[PDB]
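For reference, start19.cif is printed below; it contains mmCIF, C-alpha atoms.
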```cif
data_start
#
loop_
_atom_site.label_atom_id
_atom_site.label_comp_id
_atom_site.auth_asym_id
_atom_site.auth_seq_id
_atom_site.Cartn_x
_atom_site.Cartn_y
_atom_site.Cartn_z
CA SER Z 1 0.00 0.00 0.00
CA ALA Z 2 0.98 3.65 -0.36
CA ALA Z 3 0.77 4.07 3.42
CA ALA Z 4 3.42 1.37 3.88
CA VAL Z 5 5.66 3.02 1.26
CA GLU Z 6 5.27 6.40 2.96
CA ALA Z 7 6.31 4.77 6.24
CA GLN Z 8 9.23 3.09 4.46
CA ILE Z 9 10.31 6.48 3.11
CA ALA Z 10 10.13 8.12 6.54
CA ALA Z 11 12.39 5.40 7.99
CA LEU Z 12 15.02 5.75 5.28
CA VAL Z 13 15.02 9.55 5.46
CA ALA Z 14 15.33 9.49 9.25
CA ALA Z 15 18.45 7.34 8.94
CA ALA Z 16 19.92 9.60 6.25
CA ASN Z 17 19.28 12.76 8.28
CA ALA Z 18 20.80 11.14 11.37
CA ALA Z 19 23.90 10.09 9.41
CA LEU Z 20 24.27 13.63 8.06
CA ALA Z 21 24.01 15.19 11.54
CA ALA Z 22 26.69 12.77 12.77
CA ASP Z 23 29.05 13.37 9.80
CA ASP Z 24 29.09 9.59 9.26
CA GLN Z 25 29.33 9.24 5.48
CA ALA Z 26 29.42 5.44 5.70
CA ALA Z 27 26.00 5.65 7.35
CA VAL Z 28 24.92 8.14 4.67
CA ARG Z 29 25.74 5.52 2.03
CA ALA Z 30 24.00 2.78 4.01
CA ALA Z 31 20.93 5.05 4.06
CA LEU Z 32 20.93 6.32 0.47
CA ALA Z 33 21.43 2.87 -1.07
CA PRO Z 34 18.02 1.45 0.02
CA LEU Z 35 16.47 4.84 -0.78
CA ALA Z 36 17.73 4.46 -4.35
CA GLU Z 37 16.16 1.00 -4.44
CA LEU Z 38 12.88 2.30 -3.01
CA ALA Z 39 12.96 5.13 -5.56
CA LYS Z 40 13.24 2.60 -8.39
CA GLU Z 41 10.32 0.64 -6.93
CA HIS Z 42 8.01 3.61 -6.21
CA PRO Z 43 9.35 6.73 -7.94
CA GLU Z 44 5.99 8.52 -7.95
CA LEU Z 45 5.66 8.34 -4.16
CA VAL Z 46 9.33 8.97 -3.34
CA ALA Z 47 9.67 12.03 -5.59
CA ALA Z 48 6.47 13.57 -4.19
CA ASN Z 49 7.50 13.00 -0.56
CA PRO Z 50 8.39 16.32 1.13
CA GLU Z 51 10.98 14.75 3.46
CA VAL Z 52 12.75 13.24 0.44
CA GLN Z 53 12.70 16.63 -1.29
CA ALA Z 54 14.16 18.34 1.78
CA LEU Z 55 16.86 15.66 1.99
CA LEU Z 56 17.71 15.98 -1.71
CA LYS Z 57 18.04 19.76 -1.43
CA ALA Z 58 20.52 19.41 1.44
CA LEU Z 59 22.55 16.76 -0.37
CA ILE Z 60 22.58 18.79 -3.59
CA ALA Z 61 23.61 21.99 -1.79
CA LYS Z 62 26.69 20.22 -0.38
CA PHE Z 63 27.26 17.85 -3.32
CA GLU Z 64 31.00 18.19 -3.91
CA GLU Z 65 31.86 18.01 -0.20
CA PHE Z 66 30.67 14.39 -0.11
CA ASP Z 67 32.93 11.50 -1.01
CA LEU Z 68 32.46 9.80 -4.35
CA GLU Z 69 30.37 6.86 -3.14
CA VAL Z 70 27.85 9.28 -1.61
CA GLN Z 71 27.84 11.46 -4.74
CA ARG Z 72 27.08 8.35 -6.83
CA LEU Z 73 24.16 7.41 -4.59
CA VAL Z 74 22.73 10.95 -4.66
CA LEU Z 75 22.75 10.83 -8.46
CA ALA Z 76 21.40 7.27 -8.37
CA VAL Z 77 18.39 8.48 -6.36
CA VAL Z 78 17.78 11.39 -8.73
CA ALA Z 79 18.19 9.13 -11.77
CA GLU Z 80 15.41 6.87 -10.51
CA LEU Z 81 13.14 9.86 -9.82
CA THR Z 82 13.74 11.58 -13.17
CA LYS Z 83 13.22 8.44 -15.29
CA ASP Z 84 10.29 9.13 -17.66
CA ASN Z 85 9.50 12.08 -15.38
CA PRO Z 86 10.08 15.57 -16.81
CA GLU Z 87 8.11 17.06 -13.92
CA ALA Z 88 11.00 16.32 -11.54
CA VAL Z 89 13.04 18.93 -13.44
CA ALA Z 90 11.30 21.90 -11.80
CA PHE Z 91 12.30 20.72 -8.32
CA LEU Z 92 15.88 20.21 -9.50
CA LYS Z 93 15.99 23.75 -10.91
CA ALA Z 94 14.69 25.10 -7.60
CA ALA Z 95 17.34 23.12 -5.69
CA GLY Z 96 20.16 24.61 -7.80
CA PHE Z 97 20.95 21.15 -9.14
CA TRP Z 98 22.07 21.80 -12.68
CA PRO Z 99 25.44 23.50 -11.98
CA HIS Z 100 26.25 20.52 -9.75
CA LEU Z 101 25.34 18.08 -12.51
CA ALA Z 102 27.52 20.08 -14.91
CA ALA Z 103 30.58 19.67 -12.68
CA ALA Z 104 29.77 15.98 -12.18
CA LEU Z 105 29.94 15.50 -15.97
CA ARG Z 106 33.59 16.63 -15.81
CA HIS Z 107 34.43 14.27 -12.94
CA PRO Z 108 36.93 11.50 -13.82
CA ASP Z 109 34.70 8.74 -12.35
CA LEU Z 110 32.88 6.90 -15.15
CA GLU Z 111 30.12 5.65 -12.83
CA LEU Z 112 29.34 9.19 -11.65
CA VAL Z 113 29.40 10.42 -15.25
CA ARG Z 114 27.04 7.64 -16.36
CA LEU Z 115 24.55 8.55 -13.63
CA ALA Z 116 24.77 12.23 -14.52
CA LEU Z 117 24.11 11.36 -18.17
CA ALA Z 118 21.17 9.16 -17.13
CA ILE Z 119 19.61 12.18 -15.41
CA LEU Z 120 20.46 14.56 -18.26
CA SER Z 121 18.99 12.23 -20.89
CA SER Z 122 15.83 11.44 -18.89
CA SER Z 123 13.68 14.03 -20.71
CA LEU Z 124 13.80 16.97 -23.07
CA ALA Z 125 12.88 19.11 -20.05
CA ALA Z 126 16.11 18.04 -18.33
CA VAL Z 127 18.19 19.03 -21.37
CA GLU Z 128 16.32 22.35 -21.54
CA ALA Z 129 17.07 23.04 -17.88
CA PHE Z 130 20.74 22.15 -18.35
CA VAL Z 131 21.05 24.37 -21.43
CA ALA Z 132 19.28 27.22 -19.62
CA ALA Z 133 22.24 27.19 -17.19
CA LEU Z 134 25.19 26.06 -19.34
CA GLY Z 135 24.15 26.97 -22.89
CA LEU Z 136 23.96 25.01 -26.11
CA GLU Z 137 27.71 25.41 -26.59
CA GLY Z 138 28.47 24.32 -23.03
CA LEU Z 139 26.48 21.11 -23.43
CA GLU Z 140 27.85 20.44 -26.93
CA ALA Z 141 31.39 20.80 -25.58
CA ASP Z 142 30.61 18.43 -22.68
CA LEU Z 143 29.31 15.75 -25.03
CA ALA Z 144 32.31 16.05 -27.35
CA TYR Z 145 34.70 15.82 -24.39
CA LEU Z 146 32.84 12.81 -22.96
CA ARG Z 147 32.81 10.93 -26.27
CA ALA Z 148 36.62 11.12 -26.35
CA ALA Z 149 37.14 10.62 -22.61
CA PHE Z 150 34.95 7.50 -22.16
CA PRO Z 151 34.84 5.19 -25.21
CA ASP Z 152 33.19 1.74 -25.16
CA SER Z 153 31.32 2.36 -21.94
CA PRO Z 154 27.69 2.86 -20.83
CA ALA Z 155 28.28 6.58 -21.49
CA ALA Z 156 28.30 6.27 -25.29
CA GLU Z 157 24.60 5.44 -25.63
CA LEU Z 158 23.67 8.02 -22.99
CA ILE Z 159 25.81 10.69 -24.71
CA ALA Z 160 23.99 9.94 -27.96
CA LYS Z 161 20.61 10.16 -26.21
CA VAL Z 162 21.54 13.62 -24.92
CA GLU Z 163 22.82 14.64 -28.35
CA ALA Z 164 19.50 13.62 -29.93
CA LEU Z 165 17.51 15.61 -27.37
CA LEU Z 166 19.86 18.56 -27.90
CA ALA Z 167 19.23 18.44 -31.65
CA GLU Z 168 15.49 18.59 -31.00
CA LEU Z 169 15.99 21.53 -28.62
CA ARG Z 170 18.26 23.35 -31.09
CA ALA Z 171 15.65 23.08 -33.85
CA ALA Z 172 12.91 24.38 -31.55
CA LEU Z 173 15.03 27.36 -30.43
CA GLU Z 174 15.73 28.35 -34.06
#
```
Take the structure I supplied and represent it as structure tokens, if you would.
Amino acid sequence: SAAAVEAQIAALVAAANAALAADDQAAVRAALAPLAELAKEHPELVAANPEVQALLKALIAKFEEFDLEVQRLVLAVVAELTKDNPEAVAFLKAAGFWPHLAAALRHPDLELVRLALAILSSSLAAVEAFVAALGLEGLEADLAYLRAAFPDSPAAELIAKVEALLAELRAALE
């Protein structure tokens, strides 16, 4: 039931908030990992939950201060919530997310880059939000850099998905 899921969410968010207050990043990971799983299972309910949104805003605001395993799990949560969901883009804009995603795309970790590309490619709305902050040229340059930096990897198909959405956006803006 939805009531059970809501209770499941409250438990996971309580653990994450406790881990953050204690500066225990291992416990942050242990908390975000089942939240990413729950988000895959019930993305409608997780994305709408106000405690999840408050938690995501705090994690996004401090994104680069977290170690890489936490950063991956933050993006893993957002990737599950943005899948087939352009309406999650407005919350991400309000949370200041897109400059953080832009720096993540230039991170040397392929797993982080793949998750960032999964979010970016999730909808035309996501590409529009990214371009509103970084420009057509900024995104084009990212994709060209990533194609050369990460061959024969999950990134290639995600880079192409972004490039196809970008072409649609470019035509509309003309």
Restricting the calculation to all atoms listed in the file: of Z:63, Z:132, Z:51, Z:84, which residue gets closest to residue 101 of chain Z?
Z:63
So which residues are close to (17.6, 3.5, -3.5), meaning at most 12 Å away in the file's coordinates with only C-alpha atoms counted, and can you show them as an MDAnalysis selection string?
chainID Z and resid 8:9 12:13 16 28:43 46:47 52 70 72:81
Hey, could you make a per-residue contact list for segment 48-137 of chain Z against segment 147-165 of chain Z with 8 Å as the cut-off, showing the nearest pair of atoms and its distance in Å to one decimal, counting all atoms listed in the file, sorted by chain and number, as a Markdown table?
```
| residue | atom | partner | partner_atom | distance |
| --- | --- | --- | --- | --- |
| Z:110 | CA | Z:150 | CA | 7.3 |
| Z:113 | CA | Z:155 | CA | 7.4 |
| Z:114 | CA | Z:155 | CA | 5.4 |
| Z:117 | CA | Z:158 | CA | 5.9 |
| Z:118 | CA | Z:158 | CA | 6.5 |
| Z:120 | CA | Z:162 | CA | 6.8 |
| Z:121 | CA | Z:162 | CA | 5.0 |
| Z:123 | CA | Z:165 | CA | 7.8 |
| Z:124 | CA | Z:165 | CA | 5.8 |
| Z:127 | CA | Z:165 | CA | 6.9 |
```
Can you tell me how far atom CA of residue 105 of chain Z sits from atom CA of residue 25 of chain Z, in Å to one decimal?
22.4 Å
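Between atom CA of residue 86 of chain Z and atom CA of residue 125 of chain Z there is a distance of 5.6 Å.
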Kindly indicate which residue among Z:122, Z:50, Z:167, Z:21 lies nearest to residue 140 of chain Z, using all atoms listed in the file for the distances.
Z:167
Between Z:119, Z:61, Z:102, Z:55, which has the minimum distance to residue 15 of chain Z (counting only C-alpha atoms)?
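Smallest distance to residue 15 of chain Z is found for Z:55.
Atom CA of residue 112 of chain Z lies 24.9 Å from atom CA of residue 169 of chain Z.
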Some atoms are absent from segment 106-133 of chain Z, so rebuild N, CA and C atoms and return them as a PDB file, keeping the file's coordinate frame.
```
ATOM      1  N   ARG Z 106      32.152  16.494 -15.592  1.00  0.00           N
ATOM      2  CA  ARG Z 106      33.590  16.630 -15.810  1.00  0.00           C
ATOM      3  C   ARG Z 106      34.404  15.893 -14.755  1.00  0.00           C
ATOM      4  N   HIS Z 107      33.746  15.099 -13.914  1.00  0.00           N
ATOM      5  CA  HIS Z 107      34.430  14.270 -12.940  1.00  0.00           C
ATOM      6  C   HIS Z 107      35.091  13.084 -13.636  1.00  0.00           C
ATOM      7  N   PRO Z 108      36.270  12.652 -13.181  1.00  0.00           N
ATOM      8  CA  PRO Z 108      36.930  11.500 -13.820  1.00  0.00           C
ATOM      9  C   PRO Z 108      36.258  10.148 -13.564  1.00  0.00           C
ATOM     10  N   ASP Z 109      35.293  10.037 -12.652  1.00  0.00           N
ATOM     11  CA  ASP Z 109      34.700   8.740 -12.350  1.00  0.00           C
ATOM     12  C   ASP Z 109      33.614   8.389 -13.364  1.00  0.00           C
ATOM     13  N   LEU Z 110      33.823   7.295 -14.105  1.00  0.00           N
ATOM     14  CA  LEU Z 110      32.880   6.900 -15.150  1.00  0.00           C
ATOM     15  C   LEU Z 110      31.494   6.590 -14.575  1.00  0.00           C
ATOM     16  N   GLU Z 111      31.432   5.966 -13.399  1.00  0.00           N
ATOM     17  CA  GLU Z 111      30.120   5.650 -12.830  1.00  0.00           C
ATOM     18  C   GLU Z 111      29.343   6.927 -12.524  1.00  0.00           C
ATOM     19  N   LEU Z 112      30.000   7.913 -11.905  1.00  0.00           N
ATOM     20  CA  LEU Z 112      29.340   9.190 -11.650  1.00  0.00           C
ATOM     21  C   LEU Z 112      28.882   9.837 -12.952  1.00  0.00           C
ATOM     22  N   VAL Z 113      29.739   9.809 -13.976  1.00  0.00           N
ATOM     23  CA  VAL Z 113      29.400  10.420 -15.250  1.00  0.00           C
ATOM     24  C   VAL Z 113      28.195   9.718 -15.870  1.00  0.00           C
ATOM     25  N   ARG Z 114      28.167   8.381 -15.803  1.00  0.00           N
ATOM     26  CA  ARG Z 114      27.040   7.640 -16.360  1.00  0.00           C
ATOM     27  C   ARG Z 114      25.736   8.014 -15.663  1.00  0.00           C
ATOM     28  N   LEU Z 115      25.765   8.156 -14.335  1.00  0.00           N
ATOM     29  CA  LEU Z 115      24.550   8.550 -13.630  1.00  0.00           C
ATOM     30  C   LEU Z 115      24.131   9.959 -14.002  1.00  0.00           C
ATOM     31  N   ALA Z 116      25.093  10.876 -14.099  1.00  0.00           N
ATOM     32  CA  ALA Z 116      24.770  12.230 -14.520  1.00  0.00           C
ATOM     33  C   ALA Z 116      24.131  12.243 -15.902  1.00  0.00           C
ATOM     34  N   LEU Z 117      24.682  11.456 -16.832  1.00  0.00           N
ATOM     35  CA  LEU Z 117      24.110  11.360 -18.170  1.00  0.00           C
ATOM     36  C   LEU Z 117      22.727  10.717 -18.152  1.00  0.00           C
ATOM     37  N   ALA Z 118      22.504   9.747 -17.261  1.00  0.00           N
ATOM     38  CA  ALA Z 118      21.170   9.160 -17.130  1.00  0.00           C
ATOM     39  C   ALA Z 118      20.149  10.212 -16.728  1.00  0.00           C
ATOM     40  N   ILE Z 119      20.516  11.104 -15.803  1.00  0.00           N
ATOM     41  CA  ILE Z 119      19.610  12.180 -15.410  1.00  0.00           C
ATOM     42  C   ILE Z 119      19.424  13.162 -16.562  1.00  0.00           C
ATOM     43  N   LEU Z 120      20.531  13.582 -17.182  1.00  0.00           N
ATOM     44  CA  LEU Z 120      20.460  14.560 -18.260  1.00  0.00           C
ATOM     45  C   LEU Z 120      19.588  14.074 -19.404  1.00  0.00           C
ATOM     46  N   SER Z 121      19.698  12.793 -19.749  1.00  0.00           N
ATOM     47  CA  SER Z 121      18.990  12.230 -20.890  1.00  0.00           C
ATOM     48  C   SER Z 121      17.566  11.799 -20.554  1.00  0.00           C
ATOM     49  N   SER Z 122      17.111  12.004 -19.312  1.00  0.00           N
ATOM     50  CA  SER Z 122      15.830  11.440 -18.890  1.00  0.00           C
ATOM     51  C   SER Z 122      14.639  12.106 -19.578  1.00  0.00           C
ATOM     52  N   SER Z 123      14.777  13.346 -20.040  1.00  0.00           N
ATOM     53  CA  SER Z 123      13.680  14.030 -20.710  1.00  0.00           C
ATOM     54  C   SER Z 123      14.230  15.232 -21.451  1.00  0.00           C
ATOM     55  N   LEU Z 124      13.454  15.710 -22.426  1.00  0.00           N
ATOM     56  CA  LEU Z 124      13.800  16.970 -23.070  1.00  0.00           C
ATOM     57  C   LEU Z 124      13.814  18.114 -22.065  1.00  0.00           C
ATOM     58  N   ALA Z 125      12.917  18.072 -21.074  1.00  0.00           N
ATOM     59  CA  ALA Z 125      12.880  19.110 -20.050  1.00  0.00           C
ATOM     60  C   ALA Z 125      14.201  19.187 -19.284  1.00  0.00           C
ATOM     61  N   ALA Z 126      14.822  18.037 -19.016  1.00  0.00           N
ATOM     62  CA  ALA Z 126      16.110  18.040 -18.330  1.00  0.00           C
ATOM     63  C   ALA Z 126      17.185  18.705 -19.183  1.00  0.00           C
ATOM     64  N   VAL Z 127      17.219  18.393 -20.481  1.00  0.00           N
ATOM     65  CA  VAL Z 127      18.190  19.030 -21.370  1.00  0.00           C
ATOM     66  C   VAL Z 127      17.923  20.527 -21.458  1.00  0.00           C
ATOM     67  N   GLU Z 128      16.647  20.921 -21.521  1.00  0.00           N
ATOM     68  CA  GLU Z 128      16.320  22.350 -21.540  1.00  0.00           C
ATOM     69  C   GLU Z 128      16.804  23.051 -20.283  1.00  0.00           C
ATOM     70  N   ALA Z 129      16.604  22.431 -19.120  1.00  0.00           N
ATOM     71  CA  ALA Z 129      17.070  23.040 -17.880  1.00  0.00           C
ATOM     72  C   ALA Z 129      18.585  23.153 -17.860  1.00  0.00           C
ATOM     73  N   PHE Z 130      19.281  22.118 -18.333  1.00  0.00           N
ATOM     74  CA  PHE Z 130      20.740  22.150 -18.350  1.00  0.00           C
ATOM     75  C   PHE Z 130      21.241  23.258 -19.262  1.00  0.00           C
ATOM     76  N   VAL Z 131      20.648  23.364 -20.455  1.00  0.00           N
ATOM     77  CA  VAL Z 131      21.050  24.370 -21.430  1.00  0.00           C
ATOM     78  C   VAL Z 131      20.703  25.774 -20.947  1.00  0.00           C
ATOM     79  N   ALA Z 132      19.607  25.923 -20.194  1.00  0.00           N
ATOM     80  CA  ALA Z 132      19.280  27.220 -19.620  1.00  0.00           C
ATOM     81  C   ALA Z 132      20.394  27.725 -18.701  1.00  0.00           C
ATOM     82  N   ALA Z 133      21.142  26.813 -18.079  1.00  0.00           N
ATOM     83  CA  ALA Z 133      22.240  27.190 -17.190  1.00  0.00           C
ATOM     84  C   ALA Z 133      23.591  27.215 -17.900  1.00  0.00           C
TER      85      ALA Z 133
END
```
